[PDB]
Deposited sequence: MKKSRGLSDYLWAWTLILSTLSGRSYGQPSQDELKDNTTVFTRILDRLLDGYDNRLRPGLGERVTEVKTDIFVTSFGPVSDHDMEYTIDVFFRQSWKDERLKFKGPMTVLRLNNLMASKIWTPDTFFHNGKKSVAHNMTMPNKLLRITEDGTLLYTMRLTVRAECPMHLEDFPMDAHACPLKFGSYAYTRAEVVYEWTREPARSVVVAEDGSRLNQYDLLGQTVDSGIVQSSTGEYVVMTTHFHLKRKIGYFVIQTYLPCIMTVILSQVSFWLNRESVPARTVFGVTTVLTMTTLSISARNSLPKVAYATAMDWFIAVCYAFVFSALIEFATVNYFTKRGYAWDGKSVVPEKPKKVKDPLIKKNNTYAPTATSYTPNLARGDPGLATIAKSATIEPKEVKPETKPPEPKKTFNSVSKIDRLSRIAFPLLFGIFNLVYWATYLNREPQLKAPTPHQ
């Protein structure tokens, strides 16, 4: 019977209560104070141009109807009471397929303070669009937004804001960082309104600032490109008579380089513009292709089929000697320009 007092209170709150009418309809504007505790920043999906994020989505708003006076100053209730009272219809403007967790019971807490204030937290895994510009890819940094506002209620109907200072209202747990290639820097929040034919709606924008970690694409892509770049010039070191040796060297290098170019592309969605890797791969494609033309030039002047034996014999080609030094030097200066260009 001790719980009967709390059951009796909950009956008085819901009777004569309308889930369709927002708090203070007409008489007042509804002010919703929202907070986010990002429990885990899910893996950014560059292929889908979206990102996953697992959050506790707190929302607080004053509702005069849900006012009580009992032994407990605050009622901690399960999700089942949330569906029977008005809650903001908050939706994520850039939100793709998103799932509200349900295991074991619905992961939503309702908490009604005696004054009337509510706290309505829910656990979500929202996949939101994060449009990306990949000119600097792989050494690119993005600011993925997460906009959320009411769907049916215009700026004069419900207005959102941050419970704490705006700086301290999006909290990311240190333990939870599920990013692999990206790295979270910080979170910046801003408020605005969005113009719609249906009306003017308030938005709560928050930008999660990310940065790619170049470490993966170094060993995965840049090093194999560099080895193929290195492998191409080894044919300069090999003697000129060994036509099959250098030929097999050069043709192998281009085919390997071509495979790397295709390999890099599938890591990213199709895009009209060429990323930074595409320029590194392209110029790497030039050195490997240029090396073959150097060998082809040597074959033009490789008059004597017979090699040197320890009559005339083939001398080491002048182009071969100069290609020995110029090519590694020309590639080295390029790396300094390339790496300095994008890293800084």
{"query": "Unmodelled ranges, which are counted on the deposited sequence from position 1 and given in order", "finding": "1-35, 346-409, 444-455"}
